[PDB]
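K.L.:
I have a structure I would like to understand better, so I am pasting it below and will then ask my questions one at a time.
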Amino acid sequence: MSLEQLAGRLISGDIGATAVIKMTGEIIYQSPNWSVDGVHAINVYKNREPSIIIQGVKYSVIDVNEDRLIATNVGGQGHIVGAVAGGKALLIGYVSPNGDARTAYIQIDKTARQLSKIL
Amino acid sequence: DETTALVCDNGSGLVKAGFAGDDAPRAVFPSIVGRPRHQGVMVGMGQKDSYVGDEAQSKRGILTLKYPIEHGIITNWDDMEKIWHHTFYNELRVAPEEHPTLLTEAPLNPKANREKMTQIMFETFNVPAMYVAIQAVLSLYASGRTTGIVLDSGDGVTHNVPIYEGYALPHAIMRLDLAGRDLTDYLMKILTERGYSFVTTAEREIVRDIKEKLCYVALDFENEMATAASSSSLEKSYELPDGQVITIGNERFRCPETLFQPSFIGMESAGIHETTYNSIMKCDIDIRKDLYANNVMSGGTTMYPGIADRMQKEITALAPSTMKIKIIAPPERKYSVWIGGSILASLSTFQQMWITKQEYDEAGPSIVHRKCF
Ligand SMILES: Nc1ncnc2c1ncn2[C@@H]1O[C@H](COP(=O)(O)OP(=O)(O)OP(=O)(O)O)[C@@H](O)[C@H]1O
Ligand SMILES: C/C1=C/C(=O)O[C@@H]2C[C@@H](CC[C@H](C)/C=C\CC1)O[C@@](O)([C@@H]1CSC(=O)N1)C2
Ligand SMILES: C/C1=C/C(=O)O[C@@H]2C[C@@H](CC[C@H](C)/C=C\CC1)O[C@@](O)([C@@H]1CSC(=O)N1)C2
Ligand SMILES: [Ca+2]
């Protein structure tokens, strides 16, 4: 199914927003309830930077590598969780502060694996 | 139950093994493999006989003994397989193919080692499910929290591990190859100054016992040295296996002082107090307060009387003047890694994170990187 459908269907439970970002920084799709800086986000991933800022909220990067990004706002405003779709795009999700970023990562990685086949 | 999850915590010196949901490990035994002497290199000779743990030590006169884990890292995989086989069949008496198995690892364990553990568990032992966790992360969890900085010190390695929500923080982990075995060796050395002659492997084991029974960390080292010089108040008697008694004085506190002054054994590293501070400073500015407030000690080499109070003093001197600092030193801390594993493996919300055999079959050994973080 479509890019919008795969990324959009992730918005359930603890996951509140999603964005699919090419390795260039180009946003292929993002849910309409937010607006991510794609170049900033992809550089945090690529360069393993210590924080990611989305819409004025600083999320401290607590785990980052070729396949995963976990960042948490220390003040309690939530998490950013990223997985990679076959080295072609970064799929990120906003996760509610009470949600576990680990289980969110499992779901986001599953969707990233599906996205890889249509990119 | 027929299929209860297993918890194995593999250390440089000791294996701690048992069943998820138990309060303590059922089996604690030395992480050693003994193979017949002079048969390691011999014409037409295979490696058919081997012994593990306490049996290897009992037969030391006919075996060459080796430690498969060095400074917390698996370095001899053939012998490590023997440790695991012994754990399942001889210590726990289970069929590994019938039990999910949670294992532990050092922080910064290389990718190849993580994959090899996973491969061995699925392909050799045919476990139905597996998980691996960082030792310090388990100890922290055992203390009832997921944010803090762990001082983990065992037989082979010491780490400072700052952790936030169960994640060991990027760039901030410190490894120091100074731990219990080095402290035993140092105690043998300084007892020579008193006119004793501890040298052999058997004598090393006696000194390990002296260390565990009589050593402590001085609150102020120079003051303690002055007390030991002026009087006999700190001196203690120790009875050797043959019945002879010796006296130990300032060696009681000079031995573990090495943790705070690694120069005692010619190491250039700063002491564990300073490496704690340095680790905290490599973490996000907004996380540091919570790390200072949650210093957790784990491992056998954190058992010295006085160590928590010494750490409180030393960290207070390094930290900002108003910083709230707390050292948590659980009485159970020689087994807190294992206990953390037991609690985690029994937790309802953890069960989804087991790596299943099916997942291993689909993804291969790198499945460990997908699920164990
Ligand atoms: N009461 C005690 N006082 C001081 N040292 C102790 C005490 N009890 C145990 N130890 C030391 O702790 C070490 C064993 O601890 P532990 O089981 O935590 O280490 P390990 O997991 O085998 O090693 P590592 O974590 O370094 O790989 C030994 O050096 C032992 O002498
Ligand atoms: C590595 C690790 C760390 C940890 O601290 O684990 C604990 C326990 C864990 C149980 C569920 C999780 C999906 C399974 C395993 C993660 C265990 O929940 C946590 O991840 C979450 C994050 S903060 C919290 O309170 N619970 C923390
Ligand atoms: C009781 C016990 C404690 C221990 O920590 O044991 C572990 C493992 C042990 C293996 C060799 C030893 C002869 C066998 C059994 C002793 C096991 O080596 C140690 O004693 C080493 C050598 S001296 C020392 O401090 N650590 C640590
Ligand atoms: Ca250990």
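Chains as they are written, first to last, in the entry's author numbering: chain P, 1 to 119; chain A, 3 to 375. Using N, Cα and C, we set each Cβ at its ideal position, and we do this for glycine too.
So, with DSSP's three-state summary, where would you put residue 115 of chain A?
P.N.:
Along the second sequence, one-based indexing puts residue 115 of chain A at 113. Residue 115 of chain A: helix per DSSP, three-state reduction.
K.L.:
Report yes or no: do the stretch 278–296 of chain A and the stretch 251–258 of chain A share at least 3 C-beta pairs separated by less than 8 Å?
P.N.:
No, they do not touch.
K.L.:
Using a cut-off of 7 Å between C-beta atoms, extract the partners of residue 84 of chain P located in chain A.
P.N.:
As a working note, residue 84 of chain P is residue 84 in the first sequence. Under the 7 Å cutoff, chain A gives no residues; its nearest Cβ is about 11 Å from residue 84 of chain P.
K.L.:
Name, please, each residue of chain P whose Cβ falls closer than 9 Å to the Cβ of residue 172 of chain A.
P.N.:
In the second sequence, counting from the first residue as 1, residue 172 of chain A sits at position 170. Per Cβ cutoff of 9 Å: 48, 50, 61, 62, 63 and 64.
K.L.:
When the Cα atoms are used, what is the spatial distance from residue 50 of chain A to residue 98 of chain A?
P.N.:
Along the second sequence, read from residue 1 onward, the residue named residue 50 of chain A stands at position 48. Along the second sequence, read from residue 1 onward, the residue named residue 98 of chain A stands at position 96. Each residue's alpha carbon lies about 22 Å from the other.
K.L.:
For chain A, check one thing: does any of its Cβ atoms lie closer than 8 Å to the Cβ of residue 20 of chain P?
P.N.:
Against the first sequence, residue 20 of chain P aligns to sequence position 20. It does not: the Cβ of residue 20 of chain P has no partner Cβ on chain A nearer than 8 Å.
K.L.:
Between the alpha carbons of residue 59 of chain A and residue 344 of chain A, how many angstroms are there, rounded?
P.N.:
Along the second sequence, one-based indexing puts residue 59 of chain A at 57. Along the second sequence, one-based indexing puts residue 344 of chain A at 342. Whole-angstrom Cα-Cα distance: 28 Å.
K.L.:
Any residue with its C-beta under 6 Å from a non-hydrogen atom of ligand 4 counts. Can you list them all in chain order?
P.N.:
Result (chain order): A:13, A:137, A:156, A:301 and A:339.
K.L.:
For residue 88 of chain P, which residues in the same chain have their Cβ closer than 6 Å to its Cβ, ignoring the five residues on either side in sequence?
P.N.:
If you number the first sequence from 1, residue 88 of chain P lands on position 88. Closer than 6 Å at the Cβ level, and outside the excluded window around residue 88 of chain P, lie 119.
K.L.:
Looking at the structure shown, is residue 246 of chain A part of a helix, part of a strand, or coil, going by DSSP?
P.N.:
In the second sequence, counting from the first residue as 1, residue 246 of chain A sits at position 244. It is coil, neither helix nor strand.
K.L.:
Should residue 144 of chain A be labelled buried (16 or more other beta-carbon atoms within 10 Å of its own) or exposed?
P.N.:
If you number the second sequence from 1, residue 144 of chain A lands on position 142. Its Cβ being crowded by 16 or more others within 10 Å, residue 144 of chain A is buried.
K.L.:
Hey, is the stretch 83–98 of chain P in contact with the stretch 63–72 of chain P, meaning 3+ C-beta pairs nearer than 8 Å?
P.N.:
Cβ pair count under 8 Å is three or more, so yes.
K.L.:
What span of residues does the alpha helix (DSSP H) with residue 347 of chain A cover, start to end?
P.N.:
Counting from 1 along the second sequence, the entry for residue 347 of chain A is found at position 345. 338–348 is the extent of the alpha helix (DSSP H) around residue 347 of chain A.
K.L.:
Is residue 59 of chain A close to chain P? Criterion is C-beta to C-beta, closer than 8 Å.
P.N.:
The residue labelled residue 59 of chain A in the question sits at position 57 within the second sequence. Judged by the 8 Å Cβ criterion, residue 59 of chain A is not in contact with chain P.
K.L.:
Check this for me: beta carbons of residue 192 of chain A and residue 282 of chain A, under 8 Å apart or not?
P.N.:
Numbered from its first residue, the second sequence carries residue 192 of chain A at position 190. Numbered from its first residue, the second sequence carries residue 282 of chain A at position 280. For residue 192 of chain A and residue 282 of chain A, no; Cβs fall outside 8 Å.
K.L.:
Using a Cβ-based criterion (distance less than 7 Å to any ligand heavy atom), does residue 213 of chain A qualify as near ligand 6?
P.N.:
What this structure holds is ligand 1, ligand 2, ligand 3 and ligand 4, not ligand 6.
K.L.:
Do you know how far the Cα of residue 263 of chain A is from the Cα of residue 16 of chain A?
P.N.:
Along the second sequence, one-based indexing puts residue 16 of chain A at 14. Along the second sequence, one-based indexing puts residue 263 of chain A at 261. Approximately 26 Å between the Cα atoms of the pair.
K.L.:
Can you find a CB in chain A that lies within less than 8 Å of the CB of residue 92 of chain P?
P.N.:
For this step, residue 92 of chain P is matched to residue 92 along the first sequence. No, because no Cβ of chain A sits closer than 8 Å to the Cβ of residue 92 of chain P.
K.L.:
For residue 157 of chain A, collect the residues of the same chain with a Cβ closer than 8 Å to its Cβ; drop the 5 residues on either side in sequence, then sort them by chain order.
P.N.:
As a working note, residue 157 of chain A is residue 155 in the second sequence. Taken in chain order, the residues that qualify are 13, 14, 15, 16, 181, 182, 183, 302 and 303.
K.L.:
Can you tell me where the beta strand (DSSP E) holding residue 11 of chain A begins and where it ends?
P.N.:
As a working note, residue 11 of chain A is residue 9 in the second sequence. 8–12 is the span of the beta strand (DSSP E), which, as asked, contains residue 11 of chain A.
K.L.:
Closer than 8 Å, CB to CB, is residue 15 of chain P near chain A or not?
P.N.:
On the first sequence, position 15 is the one that residue 15 of chain P refers to. No, residue 15 of chain P lies away from the interface with chain A (no Cβ there is under 8 Å from its Cβ).
K.L.:
Please confirm whether residue 354 of chain A has its beta-carbon closer than 8 Å to some beta-carbon of chain P.
P.N.:
Walking along the second sequence from the start, residue 354 of chain A turns up at place 352. Yes, contact with chain P.
K.L.:
Against chain A, does residue 67 of chain P count as a neighbour if the rule is that its beta carbon must be under 8 Å from one of theirs?
P.N.:
The residue you call residue 67 of chain P lines up with position 67 of the first sequence. Yes - at least one Cβ of chain A is within 8 Å of the one on residue 67 of chain P.
K.L.:
Along the chain, where does the beta strand (DSSP E) containing residue 31 of chain A start, and where does it finish?
P.N.:
Indexing the second sequence from 1 puts residue 31 of chain A at position 29. It spans 29–32 - the beta strand (DSSP E) in which residue 31 of chain A sits, taken as one unbroken run.
K.L.:
Does the beta carbon of residue 109 of chain P sit closer than 8 Å to a beta carbon anywhere in chain A?
P.N.:
For the purposes of this step, residue 109 of chain P is taken as residue 109 along the first sequence, with counting starting at 1. Yes - at least one Cβ of chain A is within 8 Å of the one on residue 109 of chain P.
K.L.:
Within its chain, find whatever has a CB closer than 7 Å to the CB of residue 373 of chain A; leave out the 5 residues flanking it on each side and keep chain order.
P.N.:
For the purposes of this step, residue 373 of chain A is identified with residue 371 of the second sequence, where counting begins at 1. The answer, listed in chain order, is 355 and 357.
K.L.:
DSSP state of residue 102 of chain P, grouped into three classes?
P.N.:
Locating residue 102 of chain P in the first sequence gives position 102, where the first residue counts as 1. Here residue 102 of chain P sits in helix by DSSP.
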